[PDB]
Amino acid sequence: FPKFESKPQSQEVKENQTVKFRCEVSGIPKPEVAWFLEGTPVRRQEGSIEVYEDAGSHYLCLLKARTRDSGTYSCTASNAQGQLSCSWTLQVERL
């Protein structure tokens, strides 16, 4: 069943900085991790947004954080037996 072993925490940061969110999911078969911003999926870009798995940890990274990225973020681990979801916030500052 999908469980969260380590949830991403909220972070307030300056503009254009790198942000990293780390979901860590356990479960049988393999919880498919999906990320969202206020209910909208957060999909990867060429070199702006990236979503990947590395050493059992799922990641979301904004390498150049803009003010449009502020808001409530969510992560959903999902397999054939269920769906487990959690949330946190991002605050991108200006000058």
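Start at 1 and count along the sequence shown; that's the residue number.
Visitor: Going by the CA temperature factor in the PDB record, which third of the chain does residue 16 belong to: lowest, middle or highest?
Guide: As the PDB entry reports it, the C-alpha B-factor of residue 16 lands in the lowest third of its chain.
Visitor: Considering every modelled residue of the chain and its Cα B-factor in the PDB entry, is residue 92 in the lowest, middle or highest third?
Guide: Its C-alpha B-factor belongs to the middle third of this chain's values.
Visitor: Consider only the C-alpha atoms of the modelled residues in this chain, order them by B-factor as the entry records it, and name the third containing residue 46: lowest, middle or highest.
Guide: Highest third.
Visitor: Residue 55's Cα B-factor: lowest, middle or highest third of the chain?
Guide: Highest third of the chain for residue 55's C-alpha B-factor.
Visitor: Sorting by Cα B-factor within the chain, modelled residues only, which third would residue 28 end up in: lowest, middle or highest?
Guide: As the PDB entry reports it, the C-alpha B-factor of residue 28 lands in the highest third of its chain.
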